[PDB]
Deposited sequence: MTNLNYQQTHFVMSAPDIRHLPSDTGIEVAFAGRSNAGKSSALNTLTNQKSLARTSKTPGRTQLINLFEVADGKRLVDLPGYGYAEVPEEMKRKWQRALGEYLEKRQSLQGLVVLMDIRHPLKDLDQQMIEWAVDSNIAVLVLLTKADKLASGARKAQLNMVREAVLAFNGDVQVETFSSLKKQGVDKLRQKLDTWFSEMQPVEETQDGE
């Protein structure tokens, strides 16, 4: 099924396994999830009996509240087994992006960073950004895998499916 919940207290029973997706607006979150399924609020899609994908509201005096809710989810959700943080390869690692990774790492949650719109950069610049984010990510001291992603060219889709299969198994 497909569900939408107003807050964490309304999420379905905290049992089984789920993987969350997060990122600023226009990071390709929806487009990325569409490569996994064909099916503000927190949207959930159950891909199996007790296996769900969670789409956390984009974080793109008023934001303090919403940013706090994101951290509470990462810290309290017992069934959370991984976090996918999507960021545009042209402007990755913004303060909020780094905050989500740090929070995940402190809650012992594995992380997968997807540098989206990878097709927007030439081979040379694309590789340069990937290497930069990989080096930068070592500063978190966690389990942070980084991969380039392109919804248009369907690049990085298999890597995403493989990461998920590992976390779901």
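Positions of the deposited sequence absent from the coordinates, in order: 1-10, 50-62, 84-89, 199-210.
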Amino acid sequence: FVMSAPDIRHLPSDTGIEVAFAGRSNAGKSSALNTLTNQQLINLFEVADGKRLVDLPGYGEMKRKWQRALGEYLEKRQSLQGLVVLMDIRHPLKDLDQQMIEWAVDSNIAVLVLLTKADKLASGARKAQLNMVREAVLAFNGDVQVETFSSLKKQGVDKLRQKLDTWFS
From here on, numbers count along this sequence of modelled residues.
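Per the PDB record, of the two stretches 101-109 and 65-73, 65-73 carries the greater mean B-factor over its C-alpha atoms.
Note on 126-134 vs 44-52: mean CA B-factor is higher in 44-52. Annotation for residue 32: CA B-factor lies in the highest third of the chain's modelled residues.
For residue 151, the recorded CA temperature factor ranks within the highest third of the chain's modelled residues. Ranked by C-alpha B-factor against the other modelled residues of its chain, residue 164 falls in the middle third. In the PDB entry, a CA B factor belonging to the middle third of its chain's modelled residues is recorded for residue 139. Annotation for residue 121: C-alpha temperature factor in the highest third relative to the rest of the modelled chain, per the entry.
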